[PDB]
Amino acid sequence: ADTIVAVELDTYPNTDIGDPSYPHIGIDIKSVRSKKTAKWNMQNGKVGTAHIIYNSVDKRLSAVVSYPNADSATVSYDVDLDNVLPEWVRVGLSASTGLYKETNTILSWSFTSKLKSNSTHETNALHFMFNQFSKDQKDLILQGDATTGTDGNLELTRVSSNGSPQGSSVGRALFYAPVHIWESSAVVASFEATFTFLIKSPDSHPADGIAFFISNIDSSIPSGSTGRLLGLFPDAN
């Protein structure tokens, strides 16, 4: 299977698999059962912002999710990515729905990664910023039900003609170029990601969530990973 490290914006509580009894943000390391979570007050129909950061000095993965004029939610977890992910990876966004649904619209997404060599202290870096998505975005790899173009946004999951989100949907978008996330021969390594989203649902219980993830370069949506699996894992192990 693929190797996944992700930050999830979980909108639906699946208490039988470790989720707390309320929407939450979490840090997932090779498992959908978050290693750490924090309560999240998701606002249906409002544009939110998620910021993820990691640096090899502290080797701590943190994330903060918030809405304009509102208290934010934050979660952090100490993890050595050199022992979890392959040297080269691809980064992306994923989302899913199951019995319950919601729109999983991405309005913007930026990412920056830097690697400083230990031998010459020279830096290698990558940065990309999307504030508008095109109908034919060649620098993005769309998987599953993900689509771009409508209103210049990226719709990770299926949305019908009348604008209603569909259930049992899963979709992801990965940046085309592989990213050198870590190198034993580097003095300092770090990355940051930011994305704005719009989660809207008709029912009282929206599902299932959105996640920023990092994985092996040839990663694909695990078959049947709709619902609680967030298009990231093959099972709930």
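In this text, residue numbers run from 1 along the sequence as written.
Mean CA B-factor, 48-56 versus 177-185: the higher value falls on 177-185. Legend: mean Cα B-factor per stretch from the PDB entry, 9-17 versus 210-218; the higher mean is in 9-17. Each of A63, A38, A70, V170 has a CA temperature factor in the record; the biggest one is found at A70.
Looking only at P86, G144, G92, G149, the residue with the top Cα B factor in the deposited structure is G149. Sort the modelled residues of the chain by CA B factor and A1 lands in the highest third. When all modelled residues of the chain are sorted by CA temperature factor, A193 is found within the lowest third. Placement of the Cα temperature factor of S134 within the chain: highest third of the modelled residues, per the deposited record.
The deposited CA B-factor of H121 belongs to the highest third of values across its chain.
For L156, the recorded CA temperature factor ranks within the lowest third of the chain's modelled residues.
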